[PDB]
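Visitor:
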Ligand SMILES: *Cc1c(C)c(=O)n2c(=O)c(C)c(C)n12
Ligand SMILES: *Cc1c(C)c(=O)n2c(=O)c(C)c(C)n12
Ligand SMILES: *Cc1c(C)c(=O)n2c(=O)c(C)c(C)n12
Ligand SMILES: *Cc1c(C)c(=O)n2c(=O)c(C)c(C)n12
Ligand SMILES: [K+]
Ligand SMILES: [K+]
């Protein structure tokens, strides 16, 4: 019955988005798609030439081979000069094809640039959360790791409790309780950041149990935002956990430890370790 | 007499913006415009060649057909080699035309990319607003829906009352009262967000009536901002309502409901439902 | 002796930035510069060919005309086929020239796009400021006008007093007192926004006079920021005033007024009117 | 044992990122790399043609010279018309090569644009920090200088103490104490900004000494952010200092001074001067 899946995406069911598709497909699929149109549009132009007749020098009438490779030479602006258009109709088709060719190039280039500036937030989230005595006070925790060689500026993470509540009006709704963190922004997120919500008497989760979290349909959202180093621009990552993914009394293993010389170093093997 | 129309744009009358125009026209209009210049500039170059005389091989003197398709072959960098320039003047025109051709390409490409990164904030606003007992306390509400498959990060919406007020100096002005919301930022805007302003004793709208809202020229602005999922960058949407578009005692129908299996799903048919 | 000029730029004297230059020059200058290199690089390549000898078909040995137009045909990828390279040296120069040609295109295109996305904050600031009785309380004011057809989202303006002060340590410095405004953010900046700082007992400028403002070297900075409508991205504008540019008891004329039908309309003639 | 090096990067040891590499290499290296692939891909295509046999007009069978320069003429879309493909296989290779050529162009262009919009935060940080009596109160200071002709909008700097602390649970961790500054945001960063943290009774560093700072492993981070003038977009700079890089009782020399006429001017020689 869980609200938001672990990836942050929700279990809410939806009752031709080409934009989204073109940007999300893997690079091999994209190249295939680009090529697919490229071959198809050249084929449509080849058919347009032969529908005018044998309007191509070096071409045999009815030969798609000659028409297609002439279309390519035209669209691609090669213009070898062996296969050349004949008549006003063919020359008009060439004028339209050349416009298409260099215009499409512009379209492809904007796609490629946009696929290059994909905010690949190389952040790793802990498999589960813990609620343990910190300073002797019970505290809710999970952690993040920067997998990229790079660093993140003004990294602001929020621990958001999304739980179902009822009003005196009778309306049932889910409200987003932003939790008070020990650190809400790590101006430099470069290592592994353990995010903590101390459970004080003001805390929205004060006094809750495994049982009451389930009964309140308690769902914990982790929203991560930050400005990448090599990139410049923002990167965003999300993860969500249910009450079932919380470890009572749980303690994480510090990923940072000291080398023989005395220098501190990070072991990401120890990331999912409690 | 309403201040801001429902789209957010105002009824304030204005007493050659090509930039704006080129970006706002529909894609068919844009393609036509791009083509329009393309044909016109090739025509101007064709005229420039014939003004030099018969400076083109394969061309008849006075033939615009030959000059135009030679211009296209030049601007588009095809260079078949059938129609070729004759003399220093023609060759200088070719050098300028080639610069124009590849330079314009750059201009078109920047237009196309900019038309692709149009923040299409796929947000749907409720037709009207309501003021109903929430928790038994009267509360002002309206709602938003994400029509895009995607999600929105750090979505901050503001309910802004723009009403006319008078000072002891005698100046009449409209001030923007930002209203205290139950949720002012939905870190993840993925479903339908019902925005609420509880009308408490501190609220700027405490104790107002349909009558007094009209007399105070009360106008409600809804400003929506958020960072798109597939996009990365910000999207923005706005809507405005007058006192006449407010429903006293009105109650929205929850768009979220439970499937046979038990999973929650959203019915956007029920969006404009009170 | 004034700190910051009216444009926001300072009177502080500086005791080959091509980037900045290429973006700031007017469009005619930019086109001339682009053309300038284009002609120069083609000339350098033409010289490179003739330094190899008569390595061009249709060319006379020693003819720069033939070499230059062959260079253009190569760099621009025309490849008519009349003037063609001879030998491994010429063909190597062609391979380098073709790389240069299409690579430079990429360079030019990035310049053009960047010159297109110049945040042209079409904001107009009032010539002077005023300090007048508002609600009977003395208040410091100036105003802004959106000259663009478009609107601005989350427009946050700050009235910053930059005045010289001295410490018990003896250090003299200028500090940036951010002033409490009646409206610090106009979520929708579409018309003319009059920015006001009420001079209360907590205000940093409480009780100052024309005389004491001059003696404290009081300088008022206006920083404007907002997210453009047709653009999407941020626009920024700045203006600064000295104590000498402040009008004591001054009152602006409202730019908004009512048409015969009853609709409100804006008269920007009345902008610089006190 | 110092946590973060003076550049902001940390001494934490890491226990094929082409993206990062392509953007970070110097311009000469990038041009060499672009050229490197360009030559290699043309060589692979040349080999592909000769593997089909003597499928090129003007070419000698087995001549890589002819095949390579034909490949260049094809990939670059020159199409002189001297060397032309023979057969369906060669013509198919040409169709793929032309796609590769103009597609790669798009790839290169996105790289070049991205290398152009490198946020070169031309900010200079003071070599060391000082802790001196300001207003008679001990205060922690360092300073920034804008080396670029340009200015920076909404410049927000944070003085972050990263020190090791221990909990009642026994966990040892480093926490990021954001220090209260005299100025935390210089809406216009144009000159030299001296950042100060007054050491009051609430300050996290109140009462610390050179000795106790070392023993608490006190590390001072300086995070700088701002929106560039000619750029538009954000720029970011960072620097970090250890307790060993702090000067007790230290006083900076003002970089701003008055010319003969009376105008204020900045001497950056005096930047690293205490
Ligand atoms: C265009 C581009 C390249 C080459 C790259 O590596 N990435 C980034 O990291 C950003 C910020 C962008 C844009 N892209
Ligand atoms: C360039 C581009 C493409 C291909 C697209 O779908 N959209 C977006 O969603 C963004 C953010 C941009 C830019 N564009
Ligand atoms: C690329 C471009 C165009 C065509 C334009 O009008 N402007 C804008 O308004 C923005 C935001 C950008 C970028 N440019
Ligand atoms: C594209 C570009 C150019 C030409 C330049 O100088 N810089 C900047 O300053 C920005 C903001 C960008 C992008 N680039
Ligand atoms: K060509
Ligand atoms: K040719």
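Protein chains in written order, with PDB author numbering: chain A, 12 to 26, 35 to 293; chain B, 12 to 26, 35 to 293; chain C, 12 to 26, 35 to 293; chain D, 12 to 26, 35 to 293.
Built from N, CA and C at the ideal position, the CB exists for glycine as well.
#1: Quick one: residues in its chain with C-beta nearer than 6 Å to the C-beta of residue 69 of chain A, no 5 flanking neighbours on either side, listed in chain order?
#2: Taking a Cβ distance cut-off of 9 Å, strictly less, list which residues of the segment 130-143 of chain B are near chain C, in chain order.
#3: So, does the segment 63-83 of chain B touch the segment 72-80 of chain C, judging by three or more C-beta pairs under 8 Å?
#4: Would you kindly work out how many angstroms separate the C-alpha atoms of residue 208 of chain A and residue 173 of chain C, rounded to a whole number?
#5: DSSP state of residue 250 of chain C, grouped into three classes?
#6: Could you work out which residues of chain C lie near residue 100 of chain A, taking near to mean beta carbons separated by less than 9 Å?
#7: Shorter than 9 Å from the beta carbon of residue 149 of chain A to some beta carbon of chain D?
#8: So what's residue 132 of chain A in DSSP terms, helix, strand or just coil?
#9: Checking 9 Å against the spacing of the C-beta atoms, do residue 90 of chain A and residue 258 of chain A come in under that value?
#10: Using a Cβ distance threshold of 8 Å, determine whether the segment 196-216 of chain C contacts the segment 157-175 of chain C, with at least three qualifying pairs required.
#11: Run through chain B and tell me which residues come within less than 7 Å of residue 229 of chain C, C-beta to C-beta.
#12: In the DSSP output, which residue or residues are listed as bridge partners for residue 174 of chain D?
#13: Would you report the Cα separation of residue 284 of chain B and residue 138 of chain B, rounded to the nearest angstrom?
#14: Along the chain, where does the alpha helix (DSSP H) that runs through residue 233 of chain C open and close?
#15: Using 9 Å as the threshold, is the C-beta distance between residue 241 of chain D and residue 214 of chain D below it?
#16: Three or more C-beta pairs closer than 8 Å, one from the segment 226-244 of chain B and one from the segment 120-132 of chain B: is that the case here?
#17: Would you kindly work out how many angstroms separate the C-alpha atoms of residue 80 of chain B and residue 93 of chain A, rounded to a whole number?
#18: Please output, in chain order, the residues near ligand 8 using a CB cut-off of less than 5 Å to any non-hydrogen atom of the ligand.
#19: Return the residues of the segment 180-208 of chain C that lie within a Cβ-Cβ distance of less than 9 Å from chain D, sorted by chain order.
#20: Quick check on residue 238 of chain B: does DSSP put it in helix, strand or coil?
#21: Where do the N-terminal and C-terminal ends of the beta strand (DSSP E) with residue 190 of chain B fall, by residue?
#22: Do residue 129 of chain B and ligand 3 come close, with the Cβ less than 8 Å from some heavy atom?
#23: Applying a beta-carbon distance threshold of less than 7 Å, which residues of chain D neighbour residue 57 of chain A?
#24: How about residue 41 of chain D: is its C-beta nearer than 9 Å to some C-beta of chain C?
#25: Three-state secondary structure (DSSP) at residue 268 of chain B?
#26: Tell me whether residue 218 of chain A is buried or exposed, calling it buried when 16 or more other Cβ atoms sit within 10 Å of its Cβ.
#27: Does the CB of residue 226 of chain D have a neighbour CB from chain A at under 9 Å?
#28: Going along chain A in order, which residues have a C-beta closer than 7 Å to the C-beta of residue 285 of chain B?
#29: Residues of chain B with CB under 9 Å from residue 171 of chain C, in chain order?
#30: Is the segment 182-191 of chain B touching the segment 146-166 of chain C, taking contact as three or more C-beta pairs under 8 Å?
#31: Is any non-hydrogen atom of ligand 2 found closer than 8 Å to the C-beta of residue 41 of chain A, if you look at the structure I gave you?
#32: Quick check: is the beta carbon of residue 113 of chain C nearer than 9 Å to any beta carbon in chain D?
#33: By the DSSP assignment, the alpha helix (DSSP H) with residue 158 of chain A in it spans what residues?
#34: Which residues of chain B have a Cβ atom closer than 9 Å to the Cβ of residue 155 of chain C, listed in chain order?
#35: Between residue 75 of chain C and chain B, is there a C-beta pair that is closer than 9 Å?
Guide: If we stick to the structure as given:
#1: Residue 69 of chain A sits at position 50 when you count from the first residue of the first chain. Excluding residues within five positions, the ones whose Cβ falls inside 6 Å are 86.
#2: 130, 132, 133, 136, 137, 138
#3: no
#4: Position 189 of the first chain, counted from the first residue, corresponds to residue 208 of chain A. Position 154 of the third chain, counted from the first residue, corresponds to residue 173 of chain C. One C-alpha to the other measures close to 28 Å.
#5: If you number the third chain from 1, residue 250 of chain C lands on position 231. The answer is coil: DSSP assigns residue 250 of chain C none of H, G, I, E or B.
#6: For the purposes of this step, residue 100 of chain A is taken as residue 81 along the first chain, with counting starting at 1. Residues of chain C passing the Cβ test: 98, 99, 100.
#7: Here residue 149 of chain A corresponds to residue number 130 of the first chain, with the count starting at 1. Answer no: the Cβ-Cβ gap between residue 149 of chain A and chain D never drops below 9 Å.
#8: In the first chain, the residue the question calls residue 132 of chain A occupies position 113. Residue state, collapsed to three classes: helix.
#9: Taking the first chain and counting its residues from 1, one reaches residue 90 of chain A at position 71. Taking the first chain and counting its residues from 1, one reaches residue 258 of chain A at position 239. No, these two residues do not count as a Cβ contact at 9 Å.
#10: yes
#11: Taking the first residue of the third chain as 1, we reach residue 229 of chain C at position 210. Those do not exist, as residue 229 of chain C stays about 21 Å from chain B at its closest Cβ, beyond 7 Å.
#12: Residue numbering aside, residue 174 of chain D sits at position 155 when the fourth chain is read from its first letter. The partner list for residue 174 of chain D (beta bridge, DSSP) reads D:205.
#13: Stepping through the second chain from its first residue, residue 284 of chain B is reached at position 265. Stepping through the second chain from its first residue, residue 138 of chain B is reached at position 119. So the two alpha carbons sit approximately 27 Å from each other.
#14: Position 214 of the third chain, counted from the start, is the residue given in the question as residue 233 of chain C. Start and end: 229-234.
#15: Indexing the fourth chain from 1 puts residue 241 of chain D at position 222. Indexing the fourth chain from 1 puts residue 214 of chain D at position 195. Yes; because the gap between Cβ atoms is below 9 Å, this pair is in contact.
#16: no
#17: Start at 1 with the first residue of the second chain, and residue 80 of chain B comes out as number 61. Start at 1 with the first residue of the first chain, and residue 93 of chain A comes out as number 74. Spanning the two alpha carbons is a distance of roughly 26 Å.
#18: Although ligand 8 was asked about, the structure shown includes only ligand 1, ligand 2, ligand 3, ligand 4, ligand 5 and ligand 6 as ligands.
#19: 181, 186, 187, 188, 190, 191, 192, 193, 194, 195, 197
#20: Taking the second chain and counting its residues from 1, the one referred to as residue 238 of chain B is at position 219. DSSP places residue 238 of chain B in strand when its eight states are reduced to three.
#21: Numbered from its first residue, the second chain carries residue 190 of chain B at position 171. Run containing residue 190 of chain B: none; DSSP gives neither H nor E here.
#22: For the purposes of this step, residue 129 of chain B is identified with residue 110 of the second chain, where counting begins at 1. Under cutoff, so the answer is yes.
#23: For this step, residue 57 of chain A is matched to residue 38 along the first chain. Ordered by position in chain D, the residues that pass the 7 Å Cβ test against residue 57 of chain A are 118.
#24: Taking the fourth chain and counting its residues from 1, the one referred to as residue 41 of chain D is at position 22. Taking Cβ atoms only, chain C never reaches closer than 9 Å to residue 41 of chain D, which makes this a no.
#25: Within the second chain, the letter at position 249 stands for residue 268 of chain B. Coil at residue 268 of chain B, not helix or strand.
#26: Position 199 of the first chain, counting from 1, holds the residue named residue 218 of chain A. Burial call: buried.
#27: As a position in the fourth chain, residue 226 of chain D is number 207, starting the count at 1. No, residue 226 of chain D does not count as interfacial toward chain A.
#28: Numbered from 1 along the second chain, position 266 holds the residue referred to as residue 285 of chain B. Result: 23, 26.
#29: Here residue 171 of chain C refers to the residue found at position 152 of the third chain. In chain order: nothing, as chain B lies at least about 11 Å away.
#30: yes
#31: One-based indexing of the first chain puts residue 41 of chain A at position 22. At least one heavy atom of ligand 2 is nearer than 8 Å to the Cβ of residue 41 of chain A, so yes.
#32: In the third chain, residue 113 of chain C corresponds to position 94, counting from 1. With 9 Å as the cut-off, residue 113 of chain C counts as an interface residue toward chain D.
#33: Within the first chain, residue 158 of chain A is the residue found at index 139, counting from 1. Where residue 158 of chain A is concerned, there is no enclosing alpha helix (DSSP H), although the beta strand (DSSP E) it sits in stretches over 156-165.
#34: Here residue 155 of chain C refers to the residue found at position 136 of the third chain. Going along chain B in sequence order, the residues near residue 155 of chain C (Cβ under 9 Å) are 186, 187, 188.
#35: As a position in the third chain, residue 75 of chain C is number 56, starting the count at 1. Not an interface residue.
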